[PDB]
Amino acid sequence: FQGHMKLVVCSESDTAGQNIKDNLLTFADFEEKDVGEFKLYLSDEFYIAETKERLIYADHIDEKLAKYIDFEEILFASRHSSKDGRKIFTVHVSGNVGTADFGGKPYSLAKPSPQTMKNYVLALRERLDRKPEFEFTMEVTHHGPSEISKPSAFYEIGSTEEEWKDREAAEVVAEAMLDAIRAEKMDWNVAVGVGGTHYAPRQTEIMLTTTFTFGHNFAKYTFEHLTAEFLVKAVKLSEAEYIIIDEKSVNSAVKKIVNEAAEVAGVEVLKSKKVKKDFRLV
């Protein structure tokens, strides 16, 4: 059973997650309840769940929470840590290709939530100028938890403690989440992306300016470990009808498995430049 409400999940020890939570709590009349290992906040709008577990290791947490409440998807609210120290708002779906160094299992992918991710990004774009020093960017699929069956995605703030403690940054994310949760448009074109650096530049531009959204995205560092069958799993899991390639990143070797996957799954392959040109929004 999936119910019809959306669930925001955060970690008790995550500063960013907590600030996002505090802001989300003012958007509706909530009632806290402590069941099992969680702290649940209920309302007739959306749900919020607090766990003491580190999110990247929260495999099967959707099954655990589903014992107490019904929800159709999860929006993980968390901080983003990076050595670049850049101030950014990011979105990505968890999952691993060849290595599972930070949660989950190898070659396992979490169920994405392409529509909500898209609505969130457009709602964020609308407010980005409130925090001029911040920039938005997608993150390729990486890190745990990989064992999540309910549609999901991670909505984060980074890259250091300076940003995690940023009250307004968390408030902007919370507002974008509320807009995503209430959004009715659920027919954005869905694709799995292949190619690019860890911050998926092409995919980020596509998310901000076209009618396309993404489920999973695989960075160039994953090329050697990708297989045609793994890509088919990603496409079907994402409910994608397309595979978009970063034509400047993909090599002939990876293009072969991409084409293989496209044929087996019955989806169309499109170059990122063509997507940006023929699928603009306004």
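Position 1 is the first residue in the sequence shown; the rest follow in order.
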property	result
Entry-level comparison of average CA B-factors, 258-266 and 21-29, reporting the higher stretch	21-29
Selected stretch [higher average CA B-factor]: 188-196 or 70-78	70-78
Out of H142, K111, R202, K165, highest CA B-factor residue	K165
Top residue by Cα temperature factor, when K52, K233, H216, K220 are compared in the entry	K52
Third of the chain's Cα B-factor distribution that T209 belongs to, per the entry	middle
Lowest, middle or highest third - CA B-factor, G95	lowest
Where the record places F102 (Cα B-factor, split into thirds across the chain)	highest
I245 by Cα B-factor - lowest, middle or highest third of the modelled chain	middle
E147 by Cα B-factor - lowest, middle or highest third of the modelled chain	lowest
